[PDB]
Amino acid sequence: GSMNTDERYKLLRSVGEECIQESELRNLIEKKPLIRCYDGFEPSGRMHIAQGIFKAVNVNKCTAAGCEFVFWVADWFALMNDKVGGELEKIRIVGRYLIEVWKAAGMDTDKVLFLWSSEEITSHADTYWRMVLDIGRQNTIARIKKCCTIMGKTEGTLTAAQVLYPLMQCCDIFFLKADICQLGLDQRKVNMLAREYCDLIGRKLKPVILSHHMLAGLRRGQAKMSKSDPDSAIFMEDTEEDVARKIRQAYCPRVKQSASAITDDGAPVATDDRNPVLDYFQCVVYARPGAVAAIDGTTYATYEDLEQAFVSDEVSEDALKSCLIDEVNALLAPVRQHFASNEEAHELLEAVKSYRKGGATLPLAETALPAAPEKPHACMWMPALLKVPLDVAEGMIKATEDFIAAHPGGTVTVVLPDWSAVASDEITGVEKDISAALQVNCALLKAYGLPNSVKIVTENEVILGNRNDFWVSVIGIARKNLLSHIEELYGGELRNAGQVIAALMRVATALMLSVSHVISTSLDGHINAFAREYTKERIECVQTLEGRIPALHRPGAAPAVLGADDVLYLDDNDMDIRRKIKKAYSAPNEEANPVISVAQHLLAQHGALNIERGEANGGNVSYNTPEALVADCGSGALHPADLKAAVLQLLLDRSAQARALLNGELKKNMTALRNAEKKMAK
């Protein structure tokens, strides 16, 4: 009937071995009209009794206390964790099979939902994935590796871009809008990560972690039901004799069972005191409201009585096992009868059974590399910087010109990385700011000479245009690479987990757009190298030609910190350029220095350089070659300040189209930029 705050609480609290925090759970029961619990499941194979009967016990308690309970069928998560031979279609059969077992397990089907992760994520792709990247952005790679146990894996060592999966599970907490995470203790590390993320985004209400007991494995050298033995677990439609065989050979020491120390990772450690027969009694028999067990006429009302009787040898090992076999066979009976008397359900079960000889000890399937594009197509990522140096920008421009010249049939796309640059924490880590700076840098690059034929795309167009296929590409690429391999890209200097996803996204983008070549600056050649690596030398790496406009200080006398005035940027206005060229280093009778270097570059670009000299200083002259120019600077013939005014003149000229945009179209964005520059006080 009707229940109150205190009896609702006692009931919900009894679900979990641990509850972070008890005060929050109480405040939830008092305040919230409908409480949403959730648990998620990798569809990897026949269902273990823990995910069926034991789960059903705890869900019934949750629904009794006035909760909705969501089953998150984690199809993409099983793909990322290399289940069912990594075949997504087979994983979805297993998922359908799981939903049939849960429907026969006697749960309140008015307050239980069965959601598919892929279906739900793709329906809200913009919301979900932004948060996944935001979680990765704000966390270290070390912190995410520590979540390895939620996948039954070991940190470092083997992780294979199984960094994304924990980031996703965490996103989910918020996505489902769950109030209570009601998963097993081995998930505790990612649940804590979700509570950590509330503090990062300033959300005051945190999800309550109501973690449940991890049910023990049947065989002797293991404290959890595993992938090594089919005999470590009872499956949910095991025949009555298979149930008997498994329980009969089970480890069964005559020792009283005490509660385990809650380890920080949550995964149970193997111990000889842990008796899995008694653990089944405690979790699947005595956890149901009115449950009781009986051996030879005696009826034991609580678990303590049955345990006490077994320790003092009033009940024998074979008697206790025969009691459990009966208790389990009664509980699995409804499930067997459903699969015995339904064509659809029976077919699913047969398909799942066929994957025990159909998907394992056969090399796991992985996404195939697409073939090469027929027409050559180059790709170049815009730097997400407030301050793009002129030398870098010039090299981008020249690389696109050089490509078009070499392949007149072909294409060049500049990608604006408005998703992946947020993920890697490029500026302030804020979407608004990163879009602004990319739009600004795009405009100024065109103003400095980027060909009109160059196509411009955002990640946003690419991703939202292919909501499913893009992220499946990313999952495919991620599965095929060790985390250590992506760590090597940054020489072990990865500052956040978002940088790992950024690398995967770039490759996915290069594949989506059918690119034959990737063009790299000095700032991203480490990332684009991965695209070549992944495609097995199919995609070619073109390097930009930098080093032609140097820093303006004296070589061999650099300041410890480079100031703004020591380097030419492409957002420099008239005042900036005058100021930098004024302070720039040059000296008489010297063949080389930064000013001569900038002049030699301008001479190459414009054909010649005209020094305007009032007579008495030598009058006017043109230099049409660099060798003539350095000779006159070395002889003393050309005074430093004469050259300086000539260089200054040409830099203002080349920058005229750009400086017009700085005062007009881009003035809205540039104001929003220089606030984000100051916001980098740190």
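Residues carry their position along the shown sequence, with the first being 1.
Q: Averaging the C-alpha B factors as listed in the entry, name the stretch that ends up higher: 297 to 305 or 413 to 421.
A: The deposited B-factors put 297 to 305 ahead on the C-alpha mean.
**Q.** 332 to 340 versus 501 to 509 - which carries the larger mean C-alpha B factor in the record
**A.** Comparing 332 to 340 with 501 to 509, the higher average CA B-factor belongs to 332 to 340.
Q) Between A564, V561, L158, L494, where does the Cα B-factor run highest in the record? A) The C-alpha B-factor peaks, among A564, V561, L158, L494, at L158.
(Q) If I read the C-alpha B-factors straight from the PDB entry, which of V57, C67, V647, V70 is highest? (A) Largest recorded C-alpha B-factor: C67.
Q: Pull the Cα B-factor of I93 out of the PDB entry and bin it into the chain's lowest, middle or highest third.
A: Its C-alpha B-factor, which the entry lists for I93, ranks in the middle third among residues of this chain.
(Q) By the recorded C-alpha temperature factor, relative to the other modelled residues in its chain, which third is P373 in? (A) For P373, the deposited C-alpha B-factor lands in the middle third.
Q) How does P640 rank on Cα B-factor within its chain, lowest, middle or highest third? A) For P640, the deposited C-alpha B-factor lands in the highest third.
Q: Pull the Cα B-factor of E314 out of the PDB entry and bin it into the chain's lowest, middle or highest third.
A: Its C-alpha B-factor belongs to the highest third of this chain's values.
Q: Looking at the entry's B-factor column for C-alpha atoms only, identify whether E590 ranks in the lowest, middle or highest third of its chain.
A: Its C-alpha B-factor belongs to the highest third of this chain's values.
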